[PDB]
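Engineer: Have a peek at query_23.pdb (PDB, C-alpha atoms).
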```
ATOM      1  CA  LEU A  12      90.267  54.604 -48.511  1.00  0.00           C
ATOM      2  CA  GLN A  13      88.080  53.006 -51.309  1.00  0.00           C
ATOM      3  CA  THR A  14      88.886  49.796 -49.348  1.00  0.00           C
ATOM      4  CA  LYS A  15      86.000  50.170 -46.798  1.00  0.00           C
ATOM      5  CA  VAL A  16      83.559  50.836 -49.739  1.00  0.00           C
ATOM      6  CA  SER A  17      84.171  47.217 -50.930  1.00  0.00           C
ATOM      7  CA  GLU A  18      83.691  45.642 -47.425  1.00  0.00           C
ATOM      8  CA  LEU A  19      80.346  47.461 -47.276  1.00  0.00           C
ATOM      9  CA  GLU A  20      79.296  46.453 -50.863  1.00  0.00           C
ATOM     10  CA  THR A  21      79.769  42.738 -49.875  1.00  0.00           C
ATOM     11  CA  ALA A  22      77.842  43.319 -46.600  1.00  0.00           C
ATOM     12  CA  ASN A  23      74.861  44.910 -48.485  1.00  0.00           C
ATOM     13  CA  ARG A  24      74.666  42.330 -51.360  1.00  0.00           C
ATOM     14  CA  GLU A  25      74.770  39.632 -48.608  1.00  0.00           C
ATOM     15  CA  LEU A  26      71.835  41.273 -46.651  1.00  0.00           C
ATOM     16  CA  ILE A  27      69.589  41.731 -49.766  1.00  0.00           C
ATOM     17  CA  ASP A  28      70.251  38.052 -50.784  1.00  0.00           C
ATOM     18  CA  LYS A  29      69.479  36.948 -47.176  1.00  0.00           C
ATOM     19  CA  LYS A  30      66.240  39.036 -47.336  1.00  0.00           C
ATOM     20  CA  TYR A  31      65.124  37.066 -50.447  1.00  0.00           C
ATOM     21  CA  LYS A  32      65.752  33.751 -48.565  1.00  0.00           C
ATOM     22  CA  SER A  33      64.028  34.925 -45.317  1.00  0.00           C
ATOM     23  CA  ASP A  34      60.940  36.108 -47.278  1.00  0.00           C
ATOM     24  CA  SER A  35      60.467  32.709 -49.026  1.00  0.00           C
ATOM     25  CA  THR A  36      60.981  30.981 -45.609  1.00  0.00           C
ATOM     26  CA  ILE A  37      58.104  33.159 -44.223  1.00  0.00           C
ATOM     27  CA  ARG A  38      55.948  32.358 -47.324  1.00  0.00           C
ATOM     28  CA  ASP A  39      56.756  28.589 -46.922  1.00  0.00           C
ATOM     29  CA  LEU A  40      56.150  28.544 -43.109  1.00  0.00           C
ATOM     30  CA  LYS A  41      52.751  30.316 -43.549  1.00  0.00           C
ATOM     31  CA  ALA A  42      51.734  27.687 -46.178  1.00  0.00           C
ATOM     32  CA  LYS A  43      52.999  24.692 -44.047  1.00  0.00           C
ATOM     33  CA  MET A  44      50.937  26.106 -41.200  1.00  0.00           C
ATOM     34  CA  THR A  45      47.688  26.569 -43.185  1.00  0.00           C
ATOM     35  CA  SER A  46      47.747  22.819 -44.078  1.00  0.00           C
ATOM     36  CA  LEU A  47      48.575  21.961 -40.418  1.00  0.00           C
ATOM     37  CA  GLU A  48      45.682  23.940 -38.840  1.00  0.00           C
ATOM     38  CA  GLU A  49      43.328  22.383 -41.531  1.00  0.00           C
ATOM     39  CA  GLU A  50      44.663  18.954 -40.378  1.00  0.00           C
ATOM     40  CA  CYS A  51      44.169  19.797 -36.652  1.00  0.00           C
ATOM     41  CA  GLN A  52      40.607  21.110 -37.385  1.00  0.00           C
ATOM     42  CA  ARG A  53      39.816  17.827 -39.242  1.00  0.00           C
ATOM     43  CA  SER A  54      40.976  15.671 -36.258  1.00  0.00           C
ATOM     44  CA  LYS A  55      39.019  17.924 -33.812  1.00  0.00           C
ATOM     45  CA  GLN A  56      35.865  17.147 -35.828  1.00  0.00           C
ATOM     46  CA  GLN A  57      36.842  13.465 -36.064  1.00  0.00           C
ATOM     47  CA  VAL A  58      37.189  13.331 -32.205  1.00  0.00           C
ATOM     48  CA  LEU A  59      33.783  15.031 -31.735  1.00  0.00           C
ATOM     49  CA  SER A  60      32.218  12.672 -34.309  1.00  0.00           C
ATOM     50  CA  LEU A  61      33.703   9.630 -32.462  1.00  0.00           C
ATOM     51  CA  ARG A  62      32.471  10.969 -29.067  1.00  0.00           C
ATOM     52  CA  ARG A  63      28.907  11.353 -30.479  1.00  0.00           C
ATOM     53  CA  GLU A  64      29.158   7.773 -31.940  1.00  0.00           C
ATOM     54  CA  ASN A  65      30.337   6.416 -28.572  1.00  0.00           C
ATOM     55  CA  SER A  66      27.453   8.163 -26.626  1.00  0.00           C
ATOM     56  CA  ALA A  67      25.000   6.688 -29.190  1.00  0.00           C
ATOM     57  CA  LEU A  68      26.409   3.132 -28.688  1.00  0.00           C
ATOM     58  CA  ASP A  69      26.410   3.577 -24.898  1.00  0.00           C
ATOM     59  CA  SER A  70      22.665   4.560 -24.955  1.00  0.00           C
ATOM     60  CA  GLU A  71      21.999   1.670 -27.361  1.00  0.00           C
ATOM     61  CA  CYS A  72      23.858  -0.830 -25.022  1.00  0.00           C
ATOM     62  CA  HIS A  73      21.748   0.518 -22.112  1.00  0.00           C
ATOM     63  CA  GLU A  74      18.436  -0.040 -23.996  1.00  0.00           C
ATOM     64  CA  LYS A  75      19.557  -3.502 -25.149  1.00  0.00           C
ATOM     65  CA  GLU A  76      20.356  -4.468 -21.497  1.00  0.00           C
ATOM     66  CA  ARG A  77      17.024  -2.977 -20.280  1.00  0.00           C
ATOM     67  CA  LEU A  78      15.145  -5.012 -22.914  1.00  0.00           C
ATOM     68  CA  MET A  79      17.119  -8.129 -21.966  1.00  0.00           C
ATOM     69  CA  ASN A  80      16.298  -8.147 -18.268  1.00  0.00           C
ATOM     70  CA  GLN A  81      12.617  -7.752 -19.370  1.00  0.00           C
ATOM     71  CA  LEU A  82      12.867 -10.853 -21.636  1.00  0.00           C
ATOM     72  CA  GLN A  83      14.690 -12.958 -18.972  1.00  0.00           C
ATOM     73  CA  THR A  84      11.828 -12.114 -16.554  1.00  0.00           C
ATOM     74  CA  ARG A  85       9.260 -13.030 -19.300  1.00  0.00           C
ATOM     75  CA  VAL A  86      11.037 -16.429 -19.865  1.00  0.00           C
ATOM     76  CA  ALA A  87      10.915 -17.203 -16.095  1.00  0.00           C
ATOM     77  CA  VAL A  88       7.125 -16.412 -16.021  1.00  0.00           C
ATOM     78  CA  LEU A  89       6.454 -18.661 -19.075  1.00  0.00           C
ATOM     79  CA  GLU A  90       8.688 -21.487 -17.731  1.00  0.00           C
ATOM     80  CA  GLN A  91       6.598 -21.534 -14.506  1.00  0.00           C
ATOM     81  CA  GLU A  92       3.290 -21.418 -16.498  1.00  0.00           C
ATOM     82  CA  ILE A  93       4.494 -24.595 -18.326  1.00  0.00           C
ATOM     83  CA  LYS A  94       5.418 -26.409 -15.042  1.00  0.00           C
ATOM     84  CA  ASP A  95       1.994 -25.541 -13.502  1.00  0.00           C
ATOM     85  CA  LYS A  96       0.097 -26.686 -16.653  1.00  0.00           C
ATOM     86  CA  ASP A  97       2.129 -29.952 -16.918  1.00  0.00           C
ATOM     87  CA  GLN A  98       1.314 -30.668 -13.218  1.00  0.00           C
ATOM     88  CA  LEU A  99      -2.420 -29.968 -13.919  1.00  0.00           C
ATOM     89  CA  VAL A 100      -2.156 -32.414 -16.910  1.00  0.00           C
ATOM     90  CA  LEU A 101      -0.454 -34.935 -14.549  1.00  0.00           C
ATOM     91  CA  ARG A 102      -3.118 -34.638 -11.775  1.00  0.00           C
ATOM     92  CA  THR A 103      -5.943 -35.093 -14.370  1.00  0.00           C
ATOM     93  CA  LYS A 104      -4.191 -38.260 -15.747  1.00  0.00           C
ATOM     94  CA  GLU A 105      -3.816 -39.526 -12.097  1.00  0.00           C
ATOM     95  CA  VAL A 106      -7.555 -39.066 -11.304  1.00  0.00           C
ATOM     96  CA  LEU A 107      -8.497 -41.148 -14.410  1.00  0.00           C
ATOM     97  CA  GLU A 108      -7.425 -44.401 -12.516  1.00  0.00           C
TER      98      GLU A 108
ATOM     99  CA  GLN B  10      86.463  59.159 -57.058  1.00  0.00           C
ATOM    100  CA  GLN B  11      87.598  61.587 -54.234  1.00  0.00           C
ATOM    101  CA  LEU B  12      84.373  61.307 -52.149  1.00  0.00           C
ATOM    102  CA  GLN B  13      83.442  58.622 -49.596  1.00  0.00           C
ATOM    103  CA  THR B  14      79.733  59.778 -49.599  1.00  0.00           C
ATOM    104  CA  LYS B  15      79.001  56.275 -50.883  1.00  0.00           C
ATOM    105  CA  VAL B  16      80.245  55.041 -47.410  1.00  0.00           C
ATOM    106  CA  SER B  17      77.678  57.243 -45.500  1.00  0.00           C
ATOM    107  CA  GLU B  18      74.938  55.999 -47.957  1.00  0.00           C
ATOM    108  CA  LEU B  19      76.164  52.370 -47.819  1.00  0.00           C
ATOM    109  CA  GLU B  20      76.153  52.508 -43.978  1.00  0.00           C
ATOM    110  CA  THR B  21      72.607  54.021 -43.730  1.00  0.00           C
ATOM    111  CA  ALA B  22      71.378  51.318 -46.243  1.00  0.00           C
ATOM    112  CA  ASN B  23      73.159  48.504 -44.317  1.00  0.00           C
ATOM    113  CA  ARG B  24      71.977  49.561 -40.787  1.00  0.00           C
ATOM    114  CA  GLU B  25      68.392  49.678 -42.252  1.00  0.00           C
ATOM    115  CA  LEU B  26      68.730  46.102 -43.678  1.00  0.00           C
ATOM    116  CA  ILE B  27      70.207  44.831 -40.335  1.00  0.00           C
ATOM    117  CA  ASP B  28      67.228  46.294 -38.380  1.00  0.00           C
ATOM    118  CA  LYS B  29      64.793  44.695 -40.925  1.00  0.00           C
ATOM    119  CA  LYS B  30      66.725  41.375 -40.575  1.00  0.00           C
ATOM    120  CA  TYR B  31      66.082  41.436 -36.781  1.00  0.00           C
ATOM    121  CA  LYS B  32      62.294  41.814 -37.445  1.00  0.00           C
ATOM    122  CA  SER B  33      62.216  39.077 -40.178  1.00  0.00           C
ATOM    123  CA  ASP B  34      64.165  36.656 -37.911  1.00  0.00           C
ATOM    124  CA  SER B  35      61.688  37.027 -34.991  1.00  0.00           C
ATOM    125  CA  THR B  36      58.809  36.461 -37.474  1.00  0.00           C
ATOM    126  CA  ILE B  37      60.561  33.188 -38.591  1.00  0.00           C
ATOM    127  CA  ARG B  38      61.243  32.251 -34.888  1.00  0.00           C
ATOM    128  CA  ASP B  39      57.540  32.975 -34.035  1.00  0.00           C
ATOM    129  CA  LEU B  40      56.151  31.021 -37.068  1.00  0.00           C
ATOM    130  CA  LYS B  41      58.413  28.005 -36.243  1.00  0.00           C
ATOM    131  CA  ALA B  42      57.206  28.108 -32.572  1.00  0.00           C
ATOM    132  CA  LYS B  43      53.481  28.446 -33.569  1.00  0.00           C
ATOM    133  CA  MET B  44      54.035  25.407 -35.760  1.00  0.00           C
ATOM    134  CA  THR B  45      55.776  23.239 -33.099  1.00  0.00           C
ATOM    135  CA  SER B  46      52.752  23.703 -30.766  1.00  0.00           C
ATOM    136  CA  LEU B  47      50.377  22.971 -33.708  1.00  0.00           C
ATOM    137  CA  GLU B  48      52.272  19.727 -34.603  1.00  0.00           C
ATOM    138  CA  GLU B  49      52.042  18.744 -30.851  1.00  0.00           C
ATOM    139  CA  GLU B  50      48.279  19.538 -30.844  1.00  0.00           C
ATOM    140  CA  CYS B  51      47.711  17.430 -34.037  1.00  0.00           C
ATOM    141  CA  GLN B  52      49.706  14.510 -32.474  1.00  0.00           C
ATOM    142  CA  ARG B  53      47.526  14.716 -29.307  1.00  0.00           C
ATOM    143  CA  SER B  54      44.265  14.581 -31.335  1.00  0.00           C
ATOM    144  CA  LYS B  55      45.691  11.658 -33.409  1.00  0.00           C
ATOM    145  CA  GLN B  56      46.092   9.653 -30.141  1.00  0.00           C
ATOM    146  CA  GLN B  57      42.668  10.837 -28.922  1.00  0.00           C
ATOM    147  CA  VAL B  58      41.092   9.617 -32.273  1.00  0.00           C
ATOM    148  CA  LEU B  59      42.884   6.228 -31.920  1.00  0.00           C
ATOM    149  CA  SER B  60      41.704   5.922 -28.309  1.00  0.00           C
ATOM    150  CA  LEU B  61      38.092   6.725 -29.371  1.00  0.00           C
ATOM    151  CA  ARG B  62      38.301   4.196 -32.289  1.00  0.00           C
ATOM    152  CA  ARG B  63      39.381   1.422 -29.821  1.00  0.00           C
ATOM    153  CA  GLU B  64      36.457   2.433 -27.547  1.00  0.00           C
ATOM    154  CA  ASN B  65      34.007   2.411 -30.489  1.00  0.00           C
ATOM    155  CA  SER B  66      35.046  -1.138 -31.650  1.00  0.00           C
ATOM    156  CA  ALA B  67      34.590  -2.340 -28.018  1.00  0.00           C
ATOM    157  CA  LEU B  68      31.036  -0.845 -27.780  1.00  0.00           C
ATOM    158  CA  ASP B  69      30.144  -2.164 -31.238  1.00  0.00           C
ATOM    159  CA  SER B  70      31.140  -5.744 -30.207  1.00  0.00           C
ATOM    160  CA  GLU B  71      29.261  -5.296 -26.946  1.00  0.00           C
ATOM    161  CA  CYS B  72      26.073  -4.053 -28.794  1.00  0.00           C
ATOM    162  CA  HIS B  73      26.414  -7.066 -31.154  1.00  0.00           C
ATOM    163  CA  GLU B  74      26.525  -9.582 -28.243  1.00  0.00           C
ATOM    164  CA  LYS B  75      23.555  -7.841 -26.564  1.00  0.00           C
ATOM    165  CA  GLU B  76      21.633  -8.037 -29.909  1.00  0.00           C
ATOM    166  CA  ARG B  77      22.632 -11.699 -30.227  1.00  0.00           C
ATOM    167  CA  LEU B  78      21.369 -12.695 -26.765  1.00  0.00           C
ATOM    168  CA  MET B  79      18.191 -10.758 -27.434  1.00  0.00           C
ATOM    169  CA  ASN B  80      17.368 -12.634 -30.658  1.00  0.00           C
ATOM    170  CA  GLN B  81      17.987 -15.851 -28.634  1.00  0.00           C
ATOM    171  CA  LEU B  82      15.535 -14.759 -25.903  1.00  0.00           C
ATOM    172  CA  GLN B  83      12.851 -13.575 -28.327  1.00  0.00           C
ATOM    173  CA  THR B  84      13.069 -17.026 -30.004  1.00  0.00           C
ATOM    174  CA  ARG B  85      12.925 -18.727 -26.522  1.00  0.00           C
ATOM    175  CA  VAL B  86       9.755 -16.706 -25.609  1.00  0.00           C
ATOM    176  CA  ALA B  87       8.060 -17.741 -28.904  1.00  0.00           C
ATOM    177  CA  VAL B  88       8.892 -21.461 -28.250  1.00  0.00           C
ATOM    178  CA  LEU B  89       7.487 -21.307 -24.676  1.00  0.00           C
ATOM    179  CA  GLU B  90       4.379 -19.328 -25.756  1.00  0.00           C
ATOM    180  CA  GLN B  91       3.694 -22.100 -28.345  1.00  0.00           C
ATOM    181  CA  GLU B  92       4.221 -24.887 -25.723  1.00  0.00           C
ATOM    182  CA  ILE B  93       1.537 -23.131 -23.586  1.00  0.00           C
ATOM    183  CA  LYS B  94      -0.963 -22.834 -26.530  1.00  0.00           C
ATOM    184  CA  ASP B  95      -0.504 -26.584 -27.365  1.00  0.00           C
ATOM    185  CA  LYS B  96      -0.992 -27.665 -23.706  1.00  0.00           C
ATOM    186  CA  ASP B  97      -4.034 -25.338 -23.219  1.00  0.00           C
ATOM    187  CA  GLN B  98      -5.580 -26.809 -26.455  1.00  0.00           C
ATOM    188  CA  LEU B  99      -4.995 -30.364 -25.065  1.00  0.00           C
ATOM    189  CA  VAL B 100      -6.685 -29.221 -21.767  1.00  0.00           C
ATOM    190  CA  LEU B 101      -9.544 -27.735 -23.882  1.00  0.00           C
ATOM    191  CA  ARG B 102     -10.108 -30.933 -25.962  1.00  0.00           C
ATOM    192  CA  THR B 103     -10.160 -33.069 -22.733  1.00  0.00           C
ATOM    193  CA  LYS B 104     -12.765 -30.676 -21.178  1.00  0.00           C
ATOM    194  CA  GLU B 105     -14.826 -30.923 -24.465  1.00  0.00           C
ATOM    195  CA  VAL B 106     -14.847 -34.788 -24.394  1.00  0.00           C
ATOM    196  CA  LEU B 107     -15.829 -34.693 -20.654  1.00  0.00           C
ATOM    197  CA  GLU B 108     -18.910 -32.605 -21.811  1.00  0.00           C
ATOM    198  CA  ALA B 109     -20.073 -34.660 -24.877  1.00  0.00           C
TER     199      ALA B 109
END
```
Could you take the file, read its structure, and then write that structure out as C-alpha coordinates?
Structural biologist:
Amino acid sequence: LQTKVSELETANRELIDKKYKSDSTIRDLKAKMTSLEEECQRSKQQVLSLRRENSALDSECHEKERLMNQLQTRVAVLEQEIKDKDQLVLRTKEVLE
Amino acid sequence: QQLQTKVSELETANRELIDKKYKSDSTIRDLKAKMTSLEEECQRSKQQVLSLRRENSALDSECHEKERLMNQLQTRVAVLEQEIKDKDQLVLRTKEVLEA
(Lines of atoms letter the chains of each structure in order from A and count residues from 1; the text may use other names and numbers.)
(Lines give C-alpha, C1' and ligand atoms only; values in the text may rest on other atoms or scores of the structure.)
Protein backbone atom coordinates (compact mmCIF):
# COMPACT_ATOMS: atom_id res chain seq x y z
CA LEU A 1 0.00 0.00 0.00
CA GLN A 2 2.11 2.95 1.41
CA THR A 3 5.01 0.55 0.59
CA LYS A 4 5.34 1.60 -3.12
CA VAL A 5 5.33 5.32 -2.01
CA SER A 6 8.69 4.69 -0.23
CA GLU A 7 10.31 2.85 -3.22
CA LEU A 8 9.37 5.88 -5.34
CA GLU A 9 10.64 8.46 -2.75
CA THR A 10 14.11 6.75 -2.85
CA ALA A 11 14.00 6.67 -6.70
CA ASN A 12 13.22 10.45 -6.88
CA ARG A 13 15.79 11.62 -4.24
CA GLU A 14 18.35 9.47 -6.15
CA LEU A 15 17.48 11.15 -9.55
CA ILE A 16 17.62 14.76 -8.17
CA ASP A 17 21.02 13.99 -6.50
CA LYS A 18 22.26 12.43 -9.79
CA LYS A 19 21.04 15.59 -11.63
CA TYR A 20 23.25 17.76 -9.35
CA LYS A 21 26.29 15.53 -10.18
CA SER A 22 25.55 15.42 -13.96
CA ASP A 23 25.19 19.25 -14.09
CA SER A 24 28.62 19.86 -12.43
CA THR A 25 30.13 17.22 -14.82
CA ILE A 26 28.73 19.28 -17.77
CA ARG A 27 30.06 22.54 -16.20
CA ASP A 28 33.51 20.86 -15.63
CA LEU A 29 33.67 19.28 -19.15
CA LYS A 30 32.81 22.66 -20.79
CA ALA A 31 35.63 24.35 -18.78
CA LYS A 32 38.20 21.53 -19.52
CA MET A 33 37.32 21.97 -23.18
CA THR A 34 37.69 25.78 -23.28
CA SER A 35 41.31 25.42 -22.02
CA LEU A 36 41.91 22.58 -24.55
CA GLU A 37 40.70 24.50 -27.65
CA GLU A 38 42.82 27.54 -26.43
CA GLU A 39 45.80 25.10 -26.26
CA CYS A 40 45.07 23.67 -29.76
CA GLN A 41 44.69 27.24 -31.18
CA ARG A 42 48.08 28.19 -29.62
CA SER A 43 49.86 25.17 -31.24
CA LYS A 44 48.14 25.92 -34.61
CA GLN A 45 49.70 29.41 -34.48
CA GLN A 46 53.02 27.96 -33.29
CA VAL A 47 53.03 25.56 -36.34
CA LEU A 48 52.23 28.44 -38.74
CA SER A 49 54.92 30.60 -37.10
CA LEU A 50 57.49 27.75 -37.48
CA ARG A 51 56.47 27.20 -41.16
CA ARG A 52 56.99 30.94 -41.89
CA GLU A 53 60.41 30.77 -40.07
CA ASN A 54 61.41 27.70 -42.11
CA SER A 55 60.42 29.36 -45.49
CA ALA A 56 62.47 32.43 -44.43
CA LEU A 57 65.56 30.25 -43.66
CA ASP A 58 65.10 28.30 -46.90
CA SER A 59 65.08 31.58 -48.95
CA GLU A 60 68.07 32.81 -46.91
CA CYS A 61 70.01 29.50 -47.58
CA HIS A 62 69.20 29.93 -51.31
CA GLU A 63 70.58 33.53 -51.39
CA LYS A 64 73.66 32.50 -49.39
CA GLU A 65 74.37 29.67 -51.92
CA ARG A 66 73.75 32.04 -54.88
CA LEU A 67 76.21 34.56 -53.40
CA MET A 68 78.73 31.78 -52.76
CA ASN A 69 78.92 30.44 -56.29
CA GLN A 70 79.46 34.11 -57.35
CA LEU A 71 82.42 34.48 -54.92
CA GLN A 72 83.98 31.10 -55.93
CA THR A 73 83.86 32.30 -59.58
CA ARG A 74 85.41 35.68 -58.50
CA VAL A 75 88.26 33.82 -56.66
CA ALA A 76 89.01 31.71 -59.79
CA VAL A 77 89.19 34.92 -61.95
CA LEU A 78 91.56 36.64 -59.45
CA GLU A 79 93.73 33.50 -59.04
CA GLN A 80 94.27 33.44 -62.84
CA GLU A 81 94.99 37.23 -62.92
CA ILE A 82 97.78 36.57 -60.35
CA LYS A 83 99.29 33.65 -62.39
CA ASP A 84 99.28 35.79 -65.60
CA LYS A 85 100.89 38.79 -63.80
CA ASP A 86 103.55 36.59 -62.09
CA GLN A 87 104.42 35.10 -65.54
CA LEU A 88 104.67 38.66 -67.00
CA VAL A 89 107.00 39.55 -64.03
CA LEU A 90 109.00 36.35 -64.80
CA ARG A 91 109.35 37.08 -68.57
CA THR A 92 110.51 40.68 -67.82
CA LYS A 93 113.16 39.33 -65.33
CA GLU A 94 114.26 36.78 -68.04
CA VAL A 95 114.74 39.49 -70.74
CA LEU A 96 117.01 41.49 -68.35
CA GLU A 97 119.88 38.90 -68.96
CA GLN B 1 -3.40 8.69 4.60
CA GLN B 2 -6.06 6.76 2.51
CA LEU B 3 -5.00 8.19 -0.90
CA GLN B 4 -2.19 7.00 -3.19
CA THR B 5 -2.39 10.26 -5.29
CA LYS B 6 1.20 10.80 -4.14
CA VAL B 7 2.06 7.65 -6.25
CA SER B 8 0.55 9.17 -9.49
CA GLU B 9 2.45 12.47 -8.71
CA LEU B 10 5.66 10.62 -7.71
CA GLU B 11 5.50 8.58 -10.97
CA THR B 12 4.91 11.65 -13.23
CA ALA B 13 7.86 13.44 -11.42
CA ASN B 14 10.13 10.35 -11.74
CA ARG B 15 9.37 9.62 -15.47
CA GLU B 16 10.16 13.36 -16.14
CA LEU B 17 13.55 13.09 -14.30
CA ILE B 18 14.39 9.81 -16.17
CA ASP B 19 13.69 11.49 -19.57
CA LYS B 20 15.87 14.51 -18.51
CA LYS B 21 18.60 12.04 -17.36
CA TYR B 22 18.67 10.52 -20.90
CA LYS B 23 19.25 14.04 -22.38
CA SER B 24 21.94 15.00 -19.77
CA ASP B 25 23.79 11.67 -20.34
CA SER B 26 24.02 12.19 -24.15
CA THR B 27 25.30 15.75 -23.50
CA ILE B 28 28.05 14.23 -21.22
CA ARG B 29 28.75 11.48 -23.86
CA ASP B 30 28.97 14.18 -26.61
CA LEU B 31 31.23 16.54 -24.54
CA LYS B 32 33.58 13.61 -23.66
CA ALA B 33 33.75 12.62 -27.40
CA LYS B 34 34.36 16.27 -28.56
CA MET B 35 37.18 16.35 -26.04
CA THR B 36 38.83 13.04 -27.08
CA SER B 37 39.11 14.33 -30.69
CA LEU B 38 40.43 17.70 -29.37
CA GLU B 39 43.11 15.95 -27.21
CA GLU B 40 44.09 13.90 -30.36
CA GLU B 41 44.26 17.13 -32.45
CA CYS B 42 46.47 18.87 -29.79
CA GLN B 43 48.79 15.78 -29.68
CA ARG B 44 49.10 15.88 -33.52
CA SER B 45 50.06 19.60 -33.51
CA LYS B 46 52.55 18.94 -30.64
CA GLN B 47 54.37 16.42 -32.92
CA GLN B 48 54.06 18.80 -35.90
CA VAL B 49 55.66 21.63 -33.75
CA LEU B 50 58.50 19.26 -32.67
CA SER B 51 59.06 18.20 -36.29
CA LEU B 52 59.19 21.89 -37.40
CA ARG B 53 61.61 22.76 -34.51
CA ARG B 54 64.01 19.95 -35.67
CA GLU B 55 63.74 21.31 -39.25
CA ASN B 56 64.39 24.90 -38.06
CA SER B 57 67.58 23.92 -36.08
CA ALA B 58 68.83 22.07 -39.22
CA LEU B 59 68.26 25.15 -41.48
CA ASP B 60 69.79 27.47 -38.87
CA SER B 61 73.00 25.34 -38.76
CA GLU B 62 73.01 25.20 -42.54
CA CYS B 63 72.61 29.05 -42.83
CA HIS B 64 75.46 29.41 -40.28
CA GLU B 65 77.85 27.21 -42.34
CA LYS B 66 76.89 29.09 -45.54
CA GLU B 67 77.58 32.42 -43.71
CA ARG B 68 80.88 31.00 -42.45
CA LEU B 69 82.13 29.94 -45.90
CA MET B 70 81.05 33.30 -47.26
CA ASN B 71 83.10 35.32 -44.74
CA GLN B 72 86.04 33.03 -45.70
CA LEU B 73 85.57 33.78 -49.43
CA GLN B 74 85.11 37.53 -48.95
CA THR B 75 88.41 37.52 -46.99
CA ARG B 76 90.07 35.39 -49.77
CA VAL B 77 88.89 37.91 -52.47
CA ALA B 78 90.34 40.85 -50.46
CA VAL B 79 93.73 39.03 -50.09
CA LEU B 80 93.91 38.27 -53.85
CA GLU B 81 92.77 41.80 -54.83
CA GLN B 82 95.64 43.17 -52.66
CA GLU B 83 98.19 40.73 -54.23
CA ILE B 84 97.14 42.13 -57.67
CA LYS B 85 97.50 45.82 -56.54
CA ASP B 86 101.02 45.10 -55.12
CA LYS B 87 102.16 43.29 -58.32
CA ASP B 88 100.66 46.00 -60.62
CA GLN B 89 102.50 48.69 -58.53
CA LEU B 90 105.78 46.71 -58.93
CA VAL B 91 105.07 46.54 -62.74
CA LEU B 92 104.36 50.33 -62.66
CA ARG B 93 107.61 51.23 -60.79
CA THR B 94 109.67 49.07 -63.26
CA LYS B 95 107.98 50.86 -66.25
CA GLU B 96 108.76 54.26 -64.53
CA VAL B 97 112.51 53.41 -64.11
CA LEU B 98 112.63 52.21 -67.78
CA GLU B 99 111.38 55.79 -68.70
CA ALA B 100 113.69 57.95 -66.47
Engineer: Choose the residue, out of A:58, A:96, A:48, A:76, that has the smallest atom-to-atom separation from residue 94 (chain B); count all atoms listed in the file.
Structural biologist: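 Closest residue, counting all atoms listed in the file: A:96.
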Engineer: Find the residues of chain B in contact range of chain A, meaning any atom within 6 Å when counting all atoms listed in the file, and list them as a PyMOL selection string.
Structural biologist: chain B and resi 16+23+51+58+65+72+86
Engineer: State, in Å with one decimal place, the distance from CA of residue 44 (chain B) to CA of residue 35 (chain A).
Structural biologist: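 CA of residue 44 (chain B) sits 16.5 Å away from CA of residue 35 (chain A).
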Engineer: B:32, B:37, B:26, B:10: which is nearest residue 39 (chain A), counting only C-alpha atoms?
Structural biologist: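 Going through B:32, B:37, B:26, B:10 one by one, the smallest distance to residue 39 (chain A) is for B:37.
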Engineer: With distances taken over all atoms listed in the file, which residue among A:46, A:106, A:70, A:95 lies nearest residue 96 (chain B)?
Structural biologist: A:95
Engineer: What does the distance between CA of residue 101 (chain A) and CA of residue 87 (chain B) come to in Å, to one decimal place?
Structural biologist: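 So the two atoms, CA of residue 101 (chain A) and CA of residue 87 (chain B), lie 24.0 Å apart.
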Engineer: CA of residue 35 (chain B) and CA of residue 20 (chain B), how far apart in Å?
Structural biologist: 23.0 Å
Engineer: So, counting all atoms listed in the file, which residue among A:102, A:91, A:81, A:28 is closest to residue 92 (chain B)?
Structural biologist: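 The answer is A:91, which sits nearest to residue 92 (chain B).
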Engineer: Around all the atoms of region 66-74 of chain A listed in the file, with 4 Å of room on each side, what axis-aligned box do you get, giving centre and edge lengths in Å to one decimal, as AutoDock Vina command-line options?
Structural biologist:
```
--center_x 22.9 --center_y 3.7 --center_z -25.7 --size_x 17.0 --size_y 17.0 --size_z 15.1
```
